[PDB]
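Q: For reference, the structure I am asking about is given below.
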Amino acid sequence: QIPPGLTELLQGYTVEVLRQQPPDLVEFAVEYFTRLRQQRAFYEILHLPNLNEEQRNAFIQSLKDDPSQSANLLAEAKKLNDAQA
Amino acid sequence: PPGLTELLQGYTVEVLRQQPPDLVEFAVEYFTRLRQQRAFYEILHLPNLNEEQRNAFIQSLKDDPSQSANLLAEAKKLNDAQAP
């Protein structure tokens, strides 16, 4: 069945599309959802308790430099976190 | 906006069909694919590039998505400048 939370997400995209009147809805979609994805990625990396500050800033800067790698790179963060605890 | 409903509807349909683990990740994925489709379409509806010339820009878009507007300007500056 329909995933819980899809309606809120698509609603946010629609809201920003109406507020900003982008010339390309597809490009604005890629932009919007890439920004949203990196936002939650920063959220995960910044909330993992067992990482330290050099690791935290290293993953955040690493996400800045190479964004597409995010889900690949944040997976590393989880596997670097499960270590210490 | 013209085309919003078809866009959101296609995304939702594919979300049900594929059940991705992350809706945001799948959004980036799906809409990047759509953007490349639109770019291929744009290149493909230029009247005064010719056929073999037309394929070359598509190959440029096949490799990495990050320099599209240059190819739209170059094609737009090549065709409306090539013929009649």
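Scheme for the structure tokens: letters A, B, ... for chains in order shown; per-chain residue numbers from 1; ligand numbers from 1 in order shown.
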Provide as a PDB file with N, CA, C and O atoms, in the first residue's frame the residues of chain B at most 7 Å from chain A, counting only C-alpha atoms.

A:
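As written to disk, result.pdb reads:
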ATOM      1  N   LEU B  16       4.781   3.186  -5.606  1.00  0.00           N
ATOM      2  CA  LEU B  16       4.046   1.968  -5.269  1.00  0.00           C
ATOM      3  C   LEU B  16       4.643   0.753  -5.956  1.00  0.00           C
ATOM      4  O   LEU B  16       4.774  -0.316  -5.347  1.00  0.00           O
ATOM      5  N   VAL B  24      12.927  10.018  -0.317  1.00  0.00           N
ATOM      6  CA  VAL B  24      13.690  11.171  -0.788  1.00  0.00           C
ATOM      7  C   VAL B  24      14.766  10.723  -1.771  1.00  0.00           C
ATOM      8  O   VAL B  24      14.932  11.305  -2.852  1.00  0.00           O
ATOM      9  N   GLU B  25      15.517   9.682  -1.400  1.00  0.00           N
ATOM     10  CA  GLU B  25      16.531   9.120  -2.285  1.00  0.00           C
ATOM     11  C   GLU B  25      15.911   8.711  -3.617  1.00  0.00           C
ATOM     12  O   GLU B  25      16.427   9.046  -4.694  1.00  0.00           O
ATOM     13  N   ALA B  27      13.215   9.912  -4.840  1.00  0.00           N
ATOM     14  CA  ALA B  27      12.798  11.125  -5.536  1.00  0.00           C
ATOM     15  C   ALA B  27      13.945  11.701  -6.356  1.00  0.00           C
ATOM     16  O   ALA B  27      13.786  11.990  -7.550  1.00  0.00           O
ATOM     17  N   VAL B  28      15.122  11.847  -5.737  1.00  0.00           N
ATOM     18  CA  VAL B  28      16.291  12.339  -6.465  1.00  0.00           C
ATOM     19  C   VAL B  28      16.572  11.453  -7.671  1.00  0.00           C
ATOM     20  O   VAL B  28      16.786  11.936  -8.791  1.00  0.00           O
ATOM     21  N   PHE B  31      13.680  11.768 -10.474  1.00  0.00           N
ATOM     22  CA  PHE B  31      13.610  13.047 -11.166  1.00  0.00           C
ATOM     23  C   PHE B  31      14.888  13.357 -11.932  1.00  0.00           C
ATOM     24  O   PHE B  31      14.840  14.086 -12.929  1.00  0.00           O
ATOM     25  N   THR B  32      16.031  12.810 -11.507  1.00  0.00           N
ATOM     26  CA  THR B  32      17.222  12.932 -12.340  1.00  0.00           C
ATOM     27  C   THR B  32      17.038  12.172 -13.648  1.00  0.00           C
ATOM     28  O   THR B  32      17.385  12.679 -14.728  1.00  0.00           O
ATOM     29  N   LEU B  34      14.195  11.608 -15.134  1.00  0.00           N
ATOM     30  CA  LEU B  34      13.267  12.418 -15.919  1.00  0.00           C
ATOM     31  C   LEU B  34      13.969  13.605 -16.560  1.00  0.00           C
ATOM     32  O   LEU B  34      13.686  13.952 -17.714  1.00  0.00           O
ATOM     33  N   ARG B  35      14.883  14.244 -15.828  1.00  0.00           N
ATOM     34  CA  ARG B  35      15.609  15.375 -16.394  1.00  0.00           C
ATOM     35  C   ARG B  35      16.428  14.947 -17.604  1.00  0.00           C
ATOM     36  O   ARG B  35      16.438  15.639 -18.632  1.00  0.00           O
TER      37      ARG B  35
END

Q: Mind listing the alpha helix (DSSP H) residues of chain A, per DSSP on the backbone, as an NGL selection string?

A: :A and (6-20 or 25-47 or 53-65 or 70-81)

Q: Which polymer residues have any atom within 10 Å of an atom of residue 46 (chain A), counting only C-alpha atoms, with same-chain residues fewer than 5 positions away left out, as a list in words?

A: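 Within the cut-off, the hits are residues 40, 41, 51, 52, 53, 55, 56, 57, 59 and 60 of chain A.
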
Q: Compile the contact shell of residue 75 (chain A) as a PyMOL selection string: residues with an atom at most 12 Å away, counting only C-alpha atoms, same-chain residues fewer than 2 positions apart removed.

A: chain A and resi 41+44-45+48+59+63+69-73+77-82

Q: With N, CA and C atoms retained, export the selected residues as a compact mmCIF listing (two decimals), in the first residue's frame.

A:
# COMPACT_ATOMS: atom_id res chain seq x y z
N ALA A 41 20.71 13.64 5.73
CA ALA A 41 22.01 12.99 5.90
C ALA A 41 22.85 13.70 6.96
N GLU A 44 21.43 12.66 10.29
CA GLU A 44 21.88 11.36 10.79
C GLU A 44 23.30 11.44 11.32
N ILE A 45 24.22 11.95 10.49
CA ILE A 45 25.63 12.02 10.89
C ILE A 45 25.80 12.89 12.13
N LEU A 48 24.43 10.72 15.39
CA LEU A 48 25.03 9.46 15.81
C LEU A 48 25.83 9.69 17.08
N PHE A 59 32.65 13.60 8.01
CA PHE A 59 31.53 13.13 7.19
C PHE A 59 30.72 14.29 6.63
N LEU A 63 30.34 15.04 2.74
CA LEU A 63 29.07 15.13 2.04
C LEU A 63 28.99 16.42 1.23
N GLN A 69 27.54 10.80 -3.35
CA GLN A 69 28.05 9.71 -2.52
C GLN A 69 27.33 9.59 -1.19
N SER A 70 26.39 10.49 -0.90
CA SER A 70 25.84 10.66 0.45
C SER A 70 25.38 9.34 1.06
N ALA A 71 24.40 8.69 0.43
CA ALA A 71 23.87 7.46 1.00
C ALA A 71 24.94 6.38 1.08
N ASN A 72 25.86 6.36 0.11
CA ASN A 72 27.00 5.46 0.21
C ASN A 72 27.90 5.85 1.38
N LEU A 73 28.15 7.16 1.52
CA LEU A 73 29.06 7.65 2.55
C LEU A 73 28.45 7.59 3.95
N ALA A 77 29.24 5.85 7.71
CA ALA A 77 29.12 6.45 9.03
C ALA A 77 28.46 5.49 10.00
N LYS A 78 27.39 4.80 9.55
CA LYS A 78 26.74 3.89 10.48
C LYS A 78 27.68 2.75 10.82
N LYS A 79 28.49 2.32 9.86
CA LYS A 79 29.35 1.18 10.12
C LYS A 79 30.56 1.63 10.91
N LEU A 80 30.85 2.93 10.89
CA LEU A 80 31.89 3.43 11.76
C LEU A 80 31.34 3.70 13.16
N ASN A 81 30.02 3.88 13.28
CA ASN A 81 29.41 4.15 14.58
C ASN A 81 29.18 2.86 15.36
N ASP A 82 28.59 1.84 14.71
CA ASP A 82 28.30 0.57 15.37
C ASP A 82 29.54 0.00 16.04

Q: Record the distance separating CA of residue 49 (chain B) and CA of residue 74 (chain B), expressed in Å with one decimal.

A: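 Taking CA of residue 49 (chain B) as the start and CA of residue 74 (chain B) as the end point, the length is 10.3 Å.
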
Q: My list of candidates is B:1, B:84, B:65, B:47. Which is closest to residue 33 (chain B) when distances are computed with only C-alpha atoms?

A: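 That would be B:65, the residue with the smallest distance to residue 33 (chain B).
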
Q: For residue 44 (chain B), please output as number ranges by chain all residues within 9 Å (counting only C-alpha atoms; exclusion window: fewer than 6 positions along the same chain).

A: B: 51, 54-55, 58

Q: Quick one: distance from CA of residue 60 (chain B) to CA of residue 79 (chain B) in Å, one decimal?

A: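 These two atoms are separated by 17.4 Å.
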